[PDB]
Amino acid sequence: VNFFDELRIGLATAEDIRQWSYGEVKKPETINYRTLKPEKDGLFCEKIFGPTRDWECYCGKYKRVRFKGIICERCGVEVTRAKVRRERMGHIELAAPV
Amino acid sequence: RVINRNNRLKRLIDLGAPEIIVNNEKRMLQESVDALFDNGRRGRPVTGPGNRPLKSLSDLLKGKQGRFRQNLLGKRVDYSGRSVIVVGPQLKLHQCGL
Amino acid sequence: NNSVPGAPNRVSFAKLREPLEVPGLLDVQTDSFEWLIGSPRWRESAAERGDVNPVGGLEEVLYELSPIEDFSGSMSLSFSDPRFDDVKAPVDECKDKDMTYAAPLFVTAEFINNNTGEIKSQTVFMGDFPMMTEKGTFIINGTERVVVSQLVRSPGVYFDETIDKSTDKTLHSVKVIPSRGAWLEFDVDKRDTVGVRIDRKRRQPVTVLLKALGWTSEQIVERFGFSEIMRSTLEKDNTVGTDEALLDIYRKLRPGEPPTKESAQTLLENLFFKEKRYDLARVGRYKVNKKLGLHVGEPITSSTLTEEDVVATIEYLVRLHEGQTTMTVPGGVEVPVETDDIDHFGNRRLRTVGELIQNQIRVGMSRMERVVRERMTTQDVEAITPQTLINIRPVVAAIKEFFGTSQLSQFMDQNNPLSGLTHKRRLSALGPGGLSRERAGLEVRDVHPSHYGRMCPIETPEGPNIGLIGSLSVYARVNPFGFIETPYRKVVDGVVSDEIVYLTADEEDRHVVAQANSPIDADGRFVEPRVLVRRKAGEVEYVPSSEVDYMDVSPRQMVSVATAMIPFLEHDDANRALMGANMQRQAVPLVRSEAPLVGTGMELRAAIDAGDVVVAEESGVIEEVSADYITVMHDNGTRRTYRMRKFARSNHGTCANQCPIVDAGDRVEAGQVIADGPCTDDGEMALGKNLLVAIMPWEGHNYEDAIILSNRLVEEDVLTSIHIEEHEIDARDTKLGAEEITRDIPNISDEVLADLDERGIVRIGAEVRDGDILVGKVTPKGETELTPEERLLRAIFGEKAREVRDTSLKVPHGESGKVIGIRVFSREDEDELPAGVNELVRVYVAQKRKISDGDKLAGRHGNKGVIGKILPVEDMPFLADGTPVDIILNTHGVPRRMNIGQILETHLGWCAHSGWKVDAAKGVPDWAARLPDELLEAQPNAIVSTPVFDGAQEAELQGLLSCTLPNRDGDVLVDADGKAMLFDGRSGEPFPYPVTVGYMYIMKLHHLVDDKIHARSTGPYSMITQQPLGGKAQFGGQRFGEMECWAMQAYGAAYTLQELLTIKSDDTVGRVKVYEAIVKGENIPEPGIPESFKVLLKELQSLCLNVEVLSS
Amino acid sequence: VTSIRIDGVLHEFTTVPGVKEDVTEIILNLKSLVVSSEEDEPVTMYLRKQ
Amino acid sequence: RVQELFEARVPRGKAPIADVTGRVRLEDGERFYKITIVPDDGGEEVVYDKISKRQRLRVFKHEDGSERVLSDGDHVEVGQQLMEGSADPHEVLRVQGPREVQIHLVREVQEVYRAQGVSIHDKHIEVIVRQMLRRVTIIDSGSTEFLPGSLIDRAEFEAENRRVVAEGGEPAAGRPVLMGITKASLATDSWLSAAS
Ligand SMILES: [Zn+2]
């Protein structure tokens, strides 16, 4: 809960970054300039980080409040508060080591 | 920038081309990643507006606005209140008027 | 001697007569603009002053530009004679309608084609001009504006001198600072290398450039034969030859370029003779000519540096190095040789609004003419017209941005007329084109012996901007060049001269100035053979009464306008006087003002010129008067009407009103006040009331500057003020739709919206409490949309079938009062609005505040305080006749602060209030010899005035206090010393010793308590930082500095710090759980992980740095 | 006096045509009025002058 | 003055110091004072070429009076300042050890504070100077990994030295040294605070 005996900084690795993230961004497009929504797998797509609203699937299939831990197959997103958007990351894949 | 250049690399290697272009493109990708992890570390920093250096990822930690320093300058708390003070000679030492 | 027709009569302790009335206090502000635009009155004034060439501002700026031409010489353009037109709309509507007071200007441009020989001349529109109202202010977008003058160092030549620490030899440095161009520095050094630094280059010998011009070596030898060190330098230089010299100069300036004679020859004249590239202001040229005494007999027309100036400068430098006192040049009269000082007012000029506006329009004209010349060069030469050439956007944009963002465009503080006048008279020293706070030296913030008569040394901001913001003297007037002047009367042969002249700094230094306070006989004969005098700098010494040449006019010639109305200013301390002067500019207009019993004679004059009081133009007879308007009949048969604004929010939140003080059927003479604005009583300033003060420590309630007030003030509205708030909401279009104000609002009870009317706004005159709704509106909801199809689809079908949110405006935290008026602007009614807006509505809330605990009060002597406690009227001490006092002051703070003047002011106020009658049956007492013959008999509630540096002496007060009229009961309360016997209100027994009492003027500061008090327990949280909002208006918590963390660590308190950092600032679940536990009876759960730490983690994990936790 | 009622006026920060001083001044003047009450209930008076 | 004293930079006064105890043999140069002291036990003379613009201070005599002038041929105690000013803490530290410099700093700060009239207990200054001078510079690493000339706290340096000596490895030659507040604080054990 609040027990932190120590703190060590380790040097990550490709497999570590694979493990941390939940997606693989592919397009640089930001929020849409017309409908003000993320683009498919864009830099904000809900399929990567989380729903823009809380307890709201992209397609509205499971928009009801009583759904936690249920990933919608129609849109492939999860249902949790908007806060989870603040604590999930994405990893880009490189075609050439750097 | 990074995503766009990676996708250009992928498409170019798929299409096929001599070593010169591929190597140049890899160099450009390395330049972009170096810039993203830090702008102005080495070479001309990238500047889009008004020739203004951009705030890289590493700039979130150093400097006055660096997240390390800002955690020590204090926070805004609740259950507070400020007002003028007027001397009162009718109070005991361990007493105050609200 | 009341210049104004019907001012109140208040005899004064006058001993000396001023031979001139105070000049128009706003003439300085208006004269600059009048000269800039160009009017017949300004031309007549300039002709009277004797200037040969009457030249305006616009004409000058746009004539020095023309005639523009192309490099081919086949085309040219000229345009002169700028003239203005009438006004668009009156000032009232412009301020209320949100418009801008301006007027159009037309310039007659002539379009000439060289090769053909044709002329195309017609009027051209050049945008609008923000004209200046008669009160010296700019109305922009309905908001008042006032530009403050600035202090700049006049472009010229300054001979500096630095002493070497090792060589211990004088190094005379001369540096020229033109308006724009190169800088020349000629310095004699230990090595004797007398060189130049053109554009911060290496020190190249002066002889090299001297020969570069072709100056004959023989002329160098003969003209410098008297100089020995420079002769040694001449014999020491190696390179010789006009071609070699000029090529070397060019290489030093521009190395790596083809070295040719033509290049250097053209560059010389381009950098020193091309007026456009190298220019100096006429002031600079005149000052340099006066300094060198060269070209004195002709009016300066060419504003470029000349070779003779350079040779004369180097000759002056070498002569100064030789140690000579005075130097002479052929064609120049004898002049002294000495080093110059930066902090002398003979060098620091004053650029009024005229100079700033002229420079801005010059920049605009340059930008316009560049494109105009490019267009004429590129555009077709046959059918080209000046109308198609001139572009109006750059100049209008330049003036607009200057008025908007320039630091020299500040909102005119309007707490009271005195504050506005002081702001209009302010003298700034920082801002664009000036030094910064850190680079500015500390010495500049100190006084200079040349400040006497030009800038007041007392008035100054208390903050870090000390010494950088002064104020004009009472009699100071700006000369047409920008050097402040000061009146003086010249003594010819030991006899004073009534006629007066104006002298600048340089001329003042060169003469002998007498002392105004020095006794002078009625015939003009100096009674004293020895009279003190001020000399060159910091020198004062007695001299025979014959050689004296100049004498001052009045003792009040060095004080500011604000400082000029502080009685007994000759007894307080510098810091206390400055504090009182600054405090006087923070009063708050009350509801019922009263003129002070004791105050200088510069009150009514400072109010008439303030502009906040109307005045009749022609002597007429009033037919009828009303609370809202007045109608005066002129003697010529023309009826005129004046409209007086009532309860209009001031620029700083206070109220402003006007109450006519005239009766129906009175022949009012021209120049007589007709209405009194805020802080006024019968056409004279009144920033406070008169309270009966007592000086004694009382049960520690007045401990350490605290103050006690009787409830009589609270229950009689003696110090009740009115403050008017202001709120506005707007409904701007959005991509998702347009917002509309509507009475209806989703999911709101009828009671909540019971105040809104049909149109969706609160009815006028409805009480509003904090947290109440002030105006309702609906915000549409977000859904998928298509620009081309959705518009038509919405037009034909599906109207009003989308969700709407609630974003109505509500009263902020800590506001209440009536609703006096509502202003709504609609685009349908053809009302100008900011782009992208449809309906902007503003509501004014006016609240009446009664003075309460935690309020600031302060007299005119700079003695602040707070209301410690407001005792009941039945508890305050009372005089022997039953007159309870109204305020009690502490005594320990008087002698330490050393502000004894307030004691004398209180004594004089009591004496004037009670009325006196000095015995004269046996003859005038010796102590009453100098009293005015009409000041020996006063009436109850009389009015007296003591001019600064000339007022009642100690003996006068001693005599007056011994002859006060007795109370109606037949007994006299106070003794000769001024003390009296009181009676305690609690114990009921008299105090063992007498106490001092009297009437002292008390103002009211703007630091009220209602603004300061604020609380916050739970409220809105920031969305980006997850922290509570800040500020009283937003209902946010207080800040928690790191010093508080240090203190908490010092005590060893741990859990408290943990809570303050985790459970009350960041942790969301922590806040929810602790709030619920407090609501119930459960114990507070331990805090969790602060959001800051988790954010830091999830951010540092982004740099590939695997940050583990190691819970083990 | 406890509270007044001015016909044709909605609040105190305003004026009324025909008078020489606004509502605040007349309220201040009326504060000086002195009256004695024999009944223990709010009574009403009138003031009509044209 | 207090800022400079705590920062432990080169004193502006930079008074001469008595490096060794002996018979002072000083020849007064009107331009540059030349000071030499004959050692009592034996050895050579430490030579000081000081500026002559000042006025010589008291000589250490049986009277020990301030009014006395600096008399040549007298004797002085080790570490005493020959003329008015301030002695560089490094010199007094190297020639006396840590105790003398500690007490001198404490006395100097106490004196400057009492000049204004304010009074504070010494322990509040002892707690600071204890941390300030707790570093041991090392000239050679020898059988130690750390780079020579690298600051090491006395405790860890002693621990490593005793460990290496116990196993036969040669000891590392290091000496104590002080620093200013900035340098003493920039080198710590916790990495997070250092990054802060
Ligand atoms: Zn779904």
Exactly one of D:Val19, D:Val9, D:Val34 is in contact with a helix residue (DSSP H, G or I) (Cβ under 7 Å, 6 or more places away or on another chain) and either within 11 Å of chain C (Cβ to nearest Cβ) or without any contact (Cβ under 8 Å) to a residue 12 or more places away in the chain (or both), and that one is D:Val9
Please list, ordered by first then second residue, the pairs with beta carbon atoms under 7 Å, 6 or more apart or interchain, first in the stretch A:56-71 and more than 21 Å from C:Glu783 (Cα to Cα), second more than 9 Å from the ligand (Cβ to nearest atom).
A:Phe67/A:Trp55; A:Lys68/A:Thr80; A:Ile71/A:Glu78
Grab the strands (runs of 3 or more DSSP E) fully contained in the stretch C:95-185, keeping just those with 3 or more residues being under 30 Å from C:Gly470 (Cβ atoms).
C:138-140, C:143-145, C:149-153, C:156-163, C:170-177
Name every residue in the stretch C:1058-1089 that is closer than 20 Å to C:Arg1016 by Cα, part of a loop (DSSP other than H, G, I, E, B) and either out of contact with any helix residue (DSSP H, G or I) (no Cβ under 8 Å at 6 or more places or on another chain) or within 9 Å of another protein chain (Cβ to nearest Cβ) (or both), in order of residue number.
C:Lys1064, C:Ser1065, C:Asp1066
What residue, of C:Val997, C:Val1009, is part of a loop (DSSP other than H, G, I, E, B) and among the aliphatic types (A, V, I, L, M)?
C:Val1009
When you scan the stretch A:44-62, how many residues do you find that are over 10 Å from A:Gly76 (Cβ atoms), surrounded by fewer than 16 Cβ atoms within 10 Å (Cβ to Cβ) and near the ligand (Cβ under 8 Å from one of its atoms)?
2
Here the residues within the stretch B:15-67 that are in a loop (DSSP other than H, G, I, E, B), more than 14 Å from chain A (Cβ to nearest Cβ) and either touching a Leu at 6+ places or on another chain (Cβ under 6 Å) or surrounded by 15 or more Cβ atoms within 10 Å (Cβ to Cβ) (or both) are B:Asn39, B:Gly40, B:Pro45, B:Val46, B:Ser56, B:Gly66
Taking first residues from the stretch C:510-528 that are among the charged types (D, E, K, R) and second residues anywhere that are in a loop (DSSP other than H, G, I, E, B), the pairs with Cβ under 8 Å that are 6 or more apart or on different chains are C:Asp521/C:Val527; C:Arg525/C:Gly494; C:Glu528/C:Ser518; C:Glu528/C:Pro519; C:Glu528/C:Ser545
In the stretch A:63-83, what count of residues is obtained for those that are near the ligand (Cβ under 8 Å from one of its atoms) and within 14 Å of chain C (Cβ to nearest Cβ)?
0
Could you tell me which residue of the stretch E:144-196 is farthest from the other protein chains (Cβ to nearest Cβ), considering only residues that are surrounded by 13 or more Cβ atoms within 10 Å (Cβ to Cβ) and aromatic (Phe, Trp, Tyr)?
E:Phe157
Mind checking which pairs have a first residue in the stretch C:649-662 that is facing another protein chain (nearest Cβ under 9 Å) and a second that is surrounded by fewer than 21 Cβ atoms within 10 Å (Cβ to Cβ) and among the small types (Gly, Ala, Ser), Cβ under 6 Å, 6 or more apart or different chains?
C:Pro660/C:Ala675
Can you tell me which residue is nearest to the other protein chains (Cβ to nearest Cβ) among those in the stretch A:13-27 that are in contact (Cβ under 8 Å) with a residue 24 or more places away in the chain and in a loop (DSSP other than H, G, I, E, B)?
A:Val25
Within the stretch C:1038-1052, is there a residue that is more than 13 Å from chain B (Cβ to nearest Cβ), surrounded by 14 or more Cβ atoms within 10 Å (Cβ to Cβ) and either out of contact with any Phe, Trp or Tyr (no Cβ under 6 Å at 6 or more places or on another chain) or assigned to a helix (DSSP H, G or I) (or both)?
no
Among the residues of the stretch C:33-59, what is the count of those that are at positive phi and surrounded by fewer than 16 Cβ atoms within 10 Å (Cβ to Cβ)?
1
Given the structure, is A:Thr30 assigned to a loop (DSSP other than H, G, I, E, B), polar (S, T, N, Q), away from the ligand (no atom under 16 Å from the Cβ) and more than 8 Å from every other protein chain (Cβ to nearest Cβ)?
yes
Take the conditions touching a helix residue (DSSP H, G or I) at 6+ places or on another chain (Cβ under 9 Å), among the basic types (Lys, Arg) and surrounded by 13 or more Cβ atoms within 10 Å (Cβ to Cβ) and apply them to C:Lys261. Does it pass?
no
Can you tell me which residue among C:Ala858, C:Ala846 is surrounded by fewer than 21 Cβ atoms within 10 Å (Cβ to Cβ) and more than 14 Å from chain B (Cβ to nearest Cβ)?
C:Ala846
Please name all residue pairs, on different chains or six or more residues apart, with Cβ atoms under 9 Å, provided the first residue is in the stretch C:725-738 and is of a type in the set (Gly, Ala, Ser) and the second residue is assigned to a loop (DSSP other than H, G, I, E, B).
C:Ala731/C:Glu739; C:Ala731/C:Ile741; C:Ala731/C:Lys777; C:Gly737/C:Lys781; C:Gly737/C:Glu785; C:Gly737/C:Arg802
Condition first: free of Cβ contacts under 8 Å to residues at least 40 places away in the same chain and assigned to a loop (DSSP other than H, G, I, E, B). Now tell me which residues in the stretch C:541-566 satisfy that.
C:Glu541, C:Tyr542, C:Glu547
Among the listed residues C:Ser1102, C:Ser1092, C:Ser1111, which satisfies the condition of being without any contact (Cβ under 8 Å) to a residue 12 or more places away in the chain, in a helix (DSSP H, G or I) and over 30 Å from C:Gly599 (Cβ atoms)?
C:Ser1102
Pick out, from the stretch C:347-458, the helices (runs of 4 or more DSSP H) lying fully within it that include 1 or more residues that are among the basic types (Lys, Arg).
C:353-378, C:393-405, C:417-424
Give the stretch A:33-43 a look and list any residue that's within 13 Å of chain C (Cβ to nearest Cβ) and either within 15 Å of the ligand (Cβ to nearest atom) or in contact with a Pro (Cβ under 7 Å, 6 or more places away or on another chain) (or both), or say none.
A:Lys37
Do we have any residue at all in the stretch C:150-161 that's surrounded by fewer than 20 Cβ atoms within 10 Å (Cβ to Cβ), within 19 Å of C:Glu322 (Cα to Cα) and touching a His at 6+ places or on another chain (Cβ under 7 Å)?
yes
Which of the residues that make up the stretch C:1-39 are of a type in the set (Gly, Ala, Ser) and closer than 16 Å to C:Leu350 by Cβ?
C:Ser32
Looking across the stretch C:60-87 at residues that are in contact with a strand residue (DSSP E or B) (Cβ under 7 Å, 6 or more places away or on another chain) and not in a strand (DSSP E or B), the single one that is surrounded by the most Cβ atoms within 10 Å (Cβ to Cβ) is C:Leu62
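Computed from the coordinates by the stated procedures, all read-outs in this text should not be read as laboratory data. Cβ atoms come from the backbone with ideal geometry, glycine included; neighbour counts cover every protein chain shown.
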